[PDB]
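Here, residue 1 is the first one in the sequence, and each next residue gets the next number.
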Amino acid sequence: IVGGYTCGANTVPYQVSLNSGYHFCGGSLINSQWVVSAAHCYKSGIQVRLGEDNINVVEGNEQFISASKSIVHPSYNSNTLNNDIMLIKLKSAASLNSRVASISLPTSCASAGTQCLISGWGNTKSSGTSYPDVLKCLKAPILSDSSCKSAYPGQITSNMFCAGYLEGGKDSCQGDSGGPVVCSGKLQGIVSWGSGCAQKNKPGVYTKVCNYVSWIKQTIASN
Ligand SMILES: [Ca+2]
């Protein structure tokens, strides 16, 4: 997260860190056994880390649970990043509490202008690199689909939306991928891609979660 703020320990209880010997992507807890992330974060041997603030220090509220199964969206295209979403099932159910909690799925899509919270342990520099140990947060608005498409000609599908600031300076970045975009208590987006980070006229692009609720629910119901 570039241009954001320190969230505060366990203030984003649904935020998870996907670990394969090191943090590599974010995710969102949607129930005691399932996490939503980006399909481009897929890899085998994932350990889901819940209740994290500093990802390099054991602070007392963590739950580390290995993934038992990963399900990349059936129509995920890694070249265009269309349908950049995946589900990860935990080998054991997480113990839900005030610091490890699920986030609700949307019942309807969000609208341009709505303010959302984006979070993660990704790069905090728009030029250069610096990876934080504690969770970073950014409040940002969803941008109109027309401005999104104009910013990224030929690249924005109906399964993507832009959020952020066209002037630059505030955005998600490498390492935040797969993480949450929560608006009014609903998980509306997944950190997916963008041109560099926090660049003028190149806002963040996010997977449009509301288009996937039926797939998420039916997948969970049978797995
Ligand atoms: Ca920790």
Side-chain angles (χ1 to χ4, degrees), residues 1-5 7 12 14-15 25-28 30 36-41 72-73 75-86 103-127 135-213 215-216:
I1 304 289
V2 178
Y5 60 101
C7 306
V12 187
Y14 51 84
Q15 171 85 52
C25 274
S28 301
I30 57 167
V36 167
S37 188
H40 85 257
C41 289
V72 165
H73 193 274
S75 301
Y76 171 58
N77 181 302
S78 62
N79 291 324
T80 62
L81 295 188
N82 194 29
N83 304 296
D84 193 11
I85 184 172
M86 68 174 299
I103 184 66
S104 294
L105 289 177
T107 52
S108 67
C109 298
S111 300
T114 287
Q115 196 79 338
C116 308
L117 182 70
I118 307 180
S119 48
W121 288 276
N123 189 4
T124 61
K125 299 306 186 62
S126 59
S127 184
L135 188 66
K136 298 290 180 175
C137 276
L138 173 66
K139 289 185 177 184
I142 296 181
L143 300 174
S144 65
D145 288 332
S146 62
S147 68
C148 189
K149 291 159 65 69
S150 287
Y152 292 103
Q155 303 157 73
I156 304 302
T157 72
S158 59
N159 300 309
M160 299 171 192
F161 68 90
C162 287
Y165 299 88
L166 297 178
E167 288 305 313
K170 291 186 281 201
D171 193 7
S172 50
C173 198
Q174 196 294 309
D176 291 318
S177 291
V181 178
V182 169
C183 323
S184 297
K186 312 297 181 172
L187 178 68
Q188 296 282 9
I190 300 168
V191 179
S192 184
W193 62 276
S195 174
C197 305
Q199 299 300 295
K200 184 174 182 176
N201 292 147
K202 294 292 183 178
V205 188
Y206 301 90
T207 306
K208 189 168 177 168
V209 177
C210 62
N211 294 355
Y212 299 98
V213 175
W215 169 75
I216 292 169

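In this structure, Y76 and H40 approach most closely via the heavy-atom pair OH-CB, 3.1 Å. Considering every non-hydrogen atom in both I142 and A110, the closest pair reads CD1-CB, 3.5 Å. Of all heavy-atom pairs spanning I118 and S172, the tightest one is CG2-CB, 4.2 Å. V181 and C116 make their closest contact through CG1-CB, 3.6 Å (heavy atoms, listed as atom of the first residue, atom of the second, distance). Minimum interatomic distance between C162 and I156 (heavy atoms only, all atoms of both residues): SG-CD1, 4.5 Å. Closest approach of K139 to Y165, counting heavy atoms only: O-OH, 2.8 Å.
Listed for the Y152 side chain is a donor-acceptor partner under 3.5 Å among the backbone atoms of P203. With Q115 contributing its side chain and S184 its backbone, the two residues share no donor-acceptor pair below 3.5 Å. Counting only distance, with no hydrogens or angles, the side chain of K170 and the backbone of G4 share no donor-acceptor pair below 3.5 Å. Listed for the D176 side chain is a donor-acceptor partner under 3.5 Å among the backbone atoms of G122. Using modelled atom types, no side-chain atom of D171 and backbone atom of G164 make a donor-acceptor pair closer than 3.5 Å. Side-chain N or O atoms of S177 include none that pairs as donor or acceptor with a backbone N or O of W193 at under 3.5 Å.
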(request) Go through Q199 and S126 one step at a time and tell me if the side-chain contact (heavy atoms from CB on, under 4.5 Å) criterion holds. (result) CA-CA 7 Å; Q199 299 300 295; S126 59; 4.0 Å; yes
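Atom NZ of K208 and atom CD of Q188 lie 9.0 Å apart (nearest 0.5 Å). A distance of 7.0 Å separates SG in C41 from CG in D84, rounded to the nearest 0.5 Å. Separating the OG atom in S104 from the NZ atom in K186 is a distance of 4.5 Å, to the nearest 0.5 Å. Expressed to the nearest 0.5 Å, how far NZ of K149 lies from CE of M160 amounts to 11.0 Å. If you take CD1 on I103 and OG on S28, they are separated by 7.5 Å, rounding to the nearest 0.5 Å. Taking SG of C173 as the reference point, atom NZ of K136 lies at 13.5 Å (rounded to 0.5 Å).
Contact annotation: the side chain of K200 approaches that of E167 to within less than 4.5 Å [non-hydrogen atoms, C-beta and beyond]. Within the 4.5 Å cutoff, side-chain heavy atoms of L135 are placed close to those of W121. Between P180 and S119 the shortest side-chain heavy-atom distance falls below 4.5 Å. Using a 4.5 Å heavy-atom cutoff, the side chains of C137 and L117 are in contact. With contacts defined as side-chain heavy-atom distances shorter than 4.5 Å, the pair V213/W215 does not qualify. No side-chain heavy atom of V205 sits less than 4.5 Å from a side-chain heavy atom of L81. Residues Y206 and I190 are not in side-chain contact: their nearest non-hydrogen atoms beyond the backbone lie 4.5 Å or more apart.
Applying side-chain hydrogen bond (donor to acceptor under 3.5 Å, both in side chains) to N83 and the options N77, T157, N159 leaves one that passes, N159.
For the 3.5 Å distance criterion, the side chains of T207 and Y212 fail to qualify, holding no donor opposite an acceptor. When only modelled atom types and interatomic distance are considered, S111 and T114 share no side-chain donor-acceptor pair under 3.5 Å.
Remark: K202 NZ is packed, more than 12 non-hydrogen atoms of other residues, nucleotides or ligands lying under 6.0 Å away.
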